[PDB]
Amino acid sequence: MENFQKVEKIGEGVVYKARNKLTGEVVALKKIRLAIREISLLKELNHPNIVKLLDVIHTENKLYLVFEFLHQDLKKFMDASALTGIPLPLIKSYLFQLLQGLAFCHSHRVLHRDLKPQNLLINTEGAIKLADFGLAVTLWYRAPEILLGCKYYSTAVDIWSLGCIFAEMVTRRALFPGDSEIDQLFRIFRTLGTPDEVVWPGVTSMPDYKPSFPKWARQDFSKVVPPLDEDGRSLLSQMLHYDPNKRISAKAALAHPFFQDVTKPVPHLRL
Ligand SMILES: NCCNc1cc(-c2ccc[nH]2)c2c3c(ccc(F)c13)NC2=O
């Protein structure tokens, strides 16, 4: 670890941009403080659309995770495109790539659990990668089953989160900017309608389900993410299904007609 030289803090454990004094390579260091080699498997989980975990340095009373370093996260890129708006071809490519990474680790029975713009990294080659996988403060992207107390949720929670992000890239506003758990759950219910046994069997048996939840109708998906086309709205619709079992999987999402004309644009980045 005396092998590394900090360059700057880039994320808040904390994450630093570091320079390996020997290899001379620049990386991202995750400093963790406050017993599972779930991490040891993550180490072998390599894919072009997943930020690579280079090393795990366990010494003293700290745990440092050395990762591949990308220059910009999707959040910063979105604000930089706020007035112009991320072009659809670029949006499509990004969606497509993330779905590739998710399909990959999901087939390995590994979930990210906390997908969000800041956990998505981009480079100048037009690539976007999943970063900072969580292990078993913003609730904006949490799927409803989690919000409802599901202890053993599936890979479908990453799809929900990605769907929210998809919606954000298109509209340039958070789909569900909740500021507390109930508020998050209620902003979700206000948009897609309160879930019931019809559209989500077993929902009322969810640990935090409350028969007293207000009952809202589902608003038209045409009001949710304009001016996205029919294909896009069809895909988002299936990524946002209440029932985790009916929610589309990453793999099947790859075959959605929306990705028929998918290309790989190269973003104009201002590093
Ligand atoms: N999700 C909070 C911050 N986490 C990481 C951020 C970055 C990053 C931000 C701006 C540029 N880069 C990186 C990053 C990483 C590996 C693991 C991480 F958790 C983060 N490699 C990175 O480049």
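Residues numbered from 1 in each chain as written, not as in the entry; some residues may be left out. Heavy atoms only, no water.

Caption draft 1: Inspection of the site of the ligand at higher detail. Lining the immediate environment of the ligand, one finds 14 residues, of which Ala28, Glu68, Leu70, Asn119 and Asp132 sit closest. One of the side-chain N or O atoms of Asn119 is found 2.7 Å from a nitrogen atom in the ligand. A distance of 3.3 Å separates a nitrogen atom of the ligand from a polar atom in the side chain of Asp132. Burial of the ligand by the protein amounts to 90% of the accessible area it has alone, namely 490 Å². Of the residues that constitute the shell around the ligand, the class distribution is 8 nonpolar, 4 polar and 2 charged. Composition of the shell around the ligand by domain shows at least three residues from each of domain 1 (1–71) and domain 2 (72–268). (Near = heavy atom within 4 Å. Polar contact = N/O pair within 3.5 Å; in protein donor to acceptor, adjacent residues only side chain to side chain. Areas by Shrake-Rupley, 256 points an atom, 1.4 Å probe, with all protein chains shown as cover. Nonpolar A, V, L, I, M, F, W, Y, C, P; charged D, E, K, R; others polar. Domains from an automatic or database assignment.)

Caption draft 2: Summary view of the pattern of salt bridges. Counted by the stated rule, this structure contains 10 salt bridges. Between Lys92 and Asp261 there is a salt bridge, with its nearest N and O atoms 2.5 Å apart. Relative accessible area serves as the criterion here: at 6%, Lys92 is assigned to the buried category. One salt bridge in this structure joins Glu181 and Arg142, with 3.9 Å as the shortest N-O distance. Taken together, the positions of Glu181 in helix α6 (residues 181–192) and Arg142 in the loop between β8 (128–130) and α4 (144–147) put the pair 39 residues apart, joining distant regions of the chain. (Salt bridge = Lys/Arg side-chain N within 4 Å of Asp/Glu carboxyl O. Buried < 20%, exposed > 50% of the residue type's maximum accessible area, 1.4 Å probe, protein only. Helix = DSSP H or I, 4+ residues; strand = E, 2+ residues; numbered from the N terminus.)

Caption draft 3: Representation of the domain arrangement of the protein in the model. Each assigned domain of the protein is listed here: domain 1 (1–71) and domain 2 (72–268). Each of domain 1 and domain 2 was reduced to a C-alpha centroid, and the two centroids are 27 Å apart. Contacts between the two partners involve 15 residues from domain 1 and, on the opposite side, 20 residues from domain 2. Between domain 1 and domain 2, roughly 1,500 Å² of surface is buried when both sides are summed, and carbon and sulfur atoms account for 67% of that area. Per-residue buried area on domain 1 facing domain 2 is highest for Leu45, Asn49 and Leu70; these three make up 36% of the total on that side. At the boundary of domain 1 with domain 2, the tally comes to 2 salt bridges. The leading source of residues in the side of domain 1 that touches domain 2 is helix α1 (residues 38–44), at 4 residues. Residues that form the side of domain 1 that touches domain 2 fall into these classes: 8 nonpolar, 4 polar and 3 charged. (Contact = heavy atoms within 4.5 Å. Buried area = accessible area lost by both parts, 1.4 Å probe.)

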